[PDB]
Amino acid sequence: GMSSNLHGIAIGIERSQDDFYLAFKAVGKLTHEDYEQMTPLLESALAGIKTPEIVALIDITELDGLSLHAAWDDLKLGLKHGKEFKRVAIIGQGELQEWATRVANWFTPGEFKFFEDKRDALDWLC
Amino acid sequence: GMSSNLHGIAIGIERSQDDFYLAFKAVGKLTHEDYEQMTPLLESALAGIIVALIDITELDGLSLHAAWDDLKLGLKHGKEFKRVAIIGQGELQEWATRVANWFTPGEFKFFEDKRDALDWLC
Ligand SMILES: [Cl-]
Ligand SMILES: [Cl-]
Ligand code: NA
Ligand code: NA
């Protein structure tokens with residue numbers, strides 16, 4: 001009964017033309033340890049920001065899900081930093097993920113919008 | 001970043017002379033999915049079978065959700081285990097075993113060598 005599944009969150013700051021954006025790529029089944037590894041970089045990225053200025057891209061194309069603890073870490077990060085994001089582009093596949101993006105958008109102050117194409121997402125995002 | 005750590009639980013019935021025990025090996029950082037893969041096997045074993053052996057030499061720990069599944073399993077089934085040999089290394093794992101022993105109705109004892117453990121286990 002063993003398993004060696006690939007998972008994690010990649011975080012970076014990317015560029016599209018003359019705009020910088022915060023990029024995430026969530027892969028596999030996320031754990032609390034994954035949120036822990038990513039949190040200091042996120043805190044570094046948002047240092048000094050107290051207004052809705054940030055735009056982010058979150059690629060969930062290879063995301064399987066979140067552990068229970070990870071789901072709580074995620075909500076904690078949203079409660080703590082979410083107001084600082086004005087727009088969030090979600091990149092995934094299918095209508096069920098589109099629907100989940102619309103549900104997230106209802107809950108959040110920043111504008112969340114779903115895409116399948118990165119170039120479309122970046123055009124809207126920045 | 002990315003990772004692909006090995007984790008899981010091996011379970012099965014084993015022999016020591018003309019005598020049997022339930023063997024567990026806990027590897028890595030255990031998750032809820034690991035507990036769900038393992039539970040139906042544990043139940044079939046208990047319907048068919050008590051003393052057990054738990055190898056923690058390669059155990060890192062349990063996720064929050066898994067610690068809960070684990071406690072749920074101990075509350076349901078631990079009374080059925082009269083003796084539990086914990087196979088591990090070091091005094092921190094021994095201490096953890098002694099703490100577990102205090103909490104539980106069966107006798108839990110720490111060993112470094114499987115052969116020494118099986119002599120006491122059955
Ligand atoms: Cl977790
Ligand atoms: Cl879990
Ligand atoms: Na929103
Ligand atoms: Na005990």
# chains A, B, ... in the order shown; residues from 1 in each chain; ligands from 1

$ closest_atom_pairs --of "chain A" --to "ligand 3" --cutoff "7 Å" --atoms "only C-alpha atoms and all ligand atoms" --output "JSON lines"
{"residue": "A:104", "atom": "CA", "partner": "ligand 3", "partner_atom_place_in_ligand_line": "1 (Na)", "distance": 6.5}
{"residue": "A:105", "atom": "CA", "partner": "ligand 3", "partner_atom_place_in_ligand_line": "1 (Na)", "distance": 3.4}
{"residue": "A:106", "atom": "CA", "partner": "ligand 3", "partner_atom_place_in_ligand_line": "1 (Na)", "distance": 5.2}
{"residue": "A:107", "atom": "CA", "partner": "ligand 3", "partner_atom_place_in_ligand_line": "1 (Na)", "distance": 5.8}
{"residue": "A:108", "atom": "CA", "partner": "ligand 3", "partner_atom_place_in_ligand_line": "1 (Na)", "distance": 3.7}
{"residue": "A:109", "atom": "CA", "partner": "ligand 3", "partner_atom_place_in_ligand_line": "1 (Na)", "distance": 4.5}
{"residue": "A:110", "atom": "CA", "partner": "ligand 3", "partner_atom_place_in_ligand_line": "1 (Na)", "distance": 4.4}
{"residue": "A:111", "atom": "CA", "partner": "ligand 3", "partner_atom_place_in_ligand_line": "1 (Na)", "distance": 4.2}
{"residue": "A:112", "atom": "CA", "partner": "ligand 3", "partner_atom_place_in_ligand_line": "1 (Na)", "distance": 5.3}

$ closest_atom_pairs --of "chain B" --to "ligand 4" --cutoff "8 Å" --atoms "only C-alpha atoms and all ligand atoms" --output "CSV"
residue,atom,partner,partner_atom_place_in_ligand_line,distance
B:100,CA,ligand 4,1 (Na),6.6
B:101,CA,ligand 4,1 (Na),3.6
B:102,CA,ligand 4,1 (Na),5.2
B:103,CA,ligand 4,1 (Na),5.9
B:104,CA,ligand 4,1 (Na),3.8
B:105,CA,ligand 4,1 (Na),4.5
B:106,CA,ligand 4,1 (Na),4.4
B:107,CA,ligand 4,1 (Na),4.1
B:108,CA,ligand 4,1 (Na),5.3

$ write_last_selection --atoms "N, CA and C atoms" --output "PDB file, in the first residue's frame"
ATOM      1  N   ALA B 100       2.344   6.172  24.210  1.00  0.00           N
ATOM      2  CA  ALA B 100       1.228   5.419  23.622  1.00  0.00           C
ATOM      3  C   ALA B 100       0.817   4.300  24.551  1.00  0.00           C
ATOM      4  N   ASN B 101       1.805   3.629  25.161  1.00  0.00           N
ATOM      5  CA  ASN B 101       1.472   2.553  26.087  1.00  0.00           C
ATOM      6  C   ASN B 101       0.569   3.025  27.225  1.00  0.00           C
ATOM      7  N   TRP B 102       0.810   4.226  27.743  1.00  0.00           N
ATOM      8  CA  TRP B 102       0.043   4.779  28.846  1.00  0.00           C
ATOM      9  C   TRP B 102      -1.440   4.970  28.448  1.00  0.00           C
ATOM     10  N   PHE B 103      -1.676   5.380  27.195  1.00  0.00           N
ATOM     11  CA  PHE B 103      -2.989   5.641  26.656  1.00  0.00           C
ATOM     12  C   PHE B 103      -3.882   4.469  26.302  1.00  0.00           C
ATOM     13  N   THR B 104      -3.271   3.305  26.162  1.00  0.00           N
ATOM     14  CA  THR B 104      -3.920   2.188  25.525  1.00  0.00           C
ATOM     15  C   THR B 104      -4.072   1.002  26.402  1.00  0.00           C
ATOM     16  N   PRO B 105      -5.174   0.239  26.207  1.00  0.00           N
ATOM     17  CA  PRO B 105      -5.416  -0.952  26.992  1.00  0.00           C
ATOM     18  C   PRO B 105      -4.406  -2.094  26.680  1.00  0.00           C
ATOM     19  N   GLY B 106      -4.019  -2.316  25.418  1.00  0.00           N
ATOM     20  CA  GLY B 106      -3.015  -3.363  25.123  1.00  0.00           C
ATOM     21  C   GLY B 106      -1.606  -2.928  25.578  1.00  0.00           C
ATOM     22  N   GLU B 107      -0.690  -3.868  25.774  1.00  0.00           N
ATOM     23  CA  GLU B 107       0.706  -3.523  26.129  1.00  0.00           C
ATOM     24  C   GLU B 107       1.522  -3.235  24.873  1.00  0.00           C
ATOM     25  N   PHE B 108       2.038  -2.017  24.779  1.00  0.00           N
ATOM     26  CA  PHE B 108       2.870  -1.581  23.673  1.00  0.00           C
ATOM     27  C   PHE B 108       4.292  -1.563  24.229  1.00  0.00           C
TER      28      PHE B 108
END

$ interface_residues --of "chain B" --to "chain A" --cutoff "10 Å" --atoms "only C-alpha atoms" --output "compact mmCIF listing (two decimals) with C-alpha atoms, in the first residue's frame"
# COMPACT_ATOMS: atom_id res chain seq x y z
CA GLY B 1 8.16 23.39 -5.53
CA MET B 2 7.53 19.80 -6.47
CA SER B 3 7.96 16.54 -4.50
CA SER B 4 7.17 12.79 -4.85
CA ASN B 5 7.87 11.40 -1.38
CA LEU B 6 7.12 7.68 -0.81
CA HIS B 7 4.41 6.99 1.75
CA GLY B 8 1.92 4.35 2.77
CA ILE B 9 0.92 1.46 4.95
CA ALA B 10 1.73 -2.18 4.39
CA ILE B 11 -0.50 -4.64 6.29
CA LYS B 25 4.75 -1.03 8.17
CA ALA B 26 4.27 2.73 8.17
CA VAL B 27 6.37 4.61 5.65
CA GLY B 28 6.79 8.33 5.09
CA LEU B 30 0.92 9.20 6.06
CA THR B 31 -2.21 10.66 4.51
CA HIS B 32 -5.94 10.17 4.71
CA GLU B 33 -5.91 8.22 1.39
CA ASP B 34 -3.36 5.83 2.94
CA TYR B 35 -5.79 5.18 5.82
CA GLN B 37 -6.57 2.03 1.34
CA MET B 38 -5.53 0.26 4.55
CA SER B 63 -1.06 14.35 8.20
CA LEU B 64 -3.61 16.07 10.41
CA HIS B 65 -6.46 14.18 8.68
CA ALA B 66 -4.55 10.90 9.00

$ closest_residue --among "B:73, B:96, B:62, B:85" --to "ligand 2" --atoms "only C-alpha atoms and all ligand atoms"
B:62

$ closest_residue --among "A:61, A:24, A:13, A:66" --to "ligand 2" --atoms "only C-alpha atoms and all ligand atoms"
A:66

$ residues_around --residues "residue 23 (chain A)" --least-positions-apart "6" --cutoff "7 Å" --atoms "only C-alpha atoms" --output "ChimeraX atom specification"
/A:11-14,56-58

$ write_last_selection --atoms "C-alpha atoms" --output "mmCIF file, in the first residue's frame"
data_model
loop_
_atom_site.group_PDB
_atom_site.id
_atom_site.type_symbol
_atom_site.label_atom_id
_atom_site.label_comp_id
_atom_site.auth_asym_id
_atom_site.auth_seq_id
_atom_site.Cartn_x
_atom_site.Cartn_y
_atom_site.Cartn_z
ATOM 1 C CA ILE A 11 5.190 30.251 -7.204
ATOM 2 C CA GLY A 12 6.969 32.911 -9.231
ATOM 3 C CA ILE A 13 6.734 36.444 -10.545
ATOM 4 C CA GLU A 14 6.254 36.502 -14.333
ATOM 5 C CA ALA A 56 -2.315 36.682 -10.257
ATOM 6 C CA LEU A 57 -2.508 33.612 -12.489
ATOM 7 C CA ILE A 58 -3.189 30.171 -10.940
#

$ closest_residue --among "B:42, B:29, B:114, B:57" --to "residue 90 (chain B)" --atoms "only C-alpha atoms"
B:57
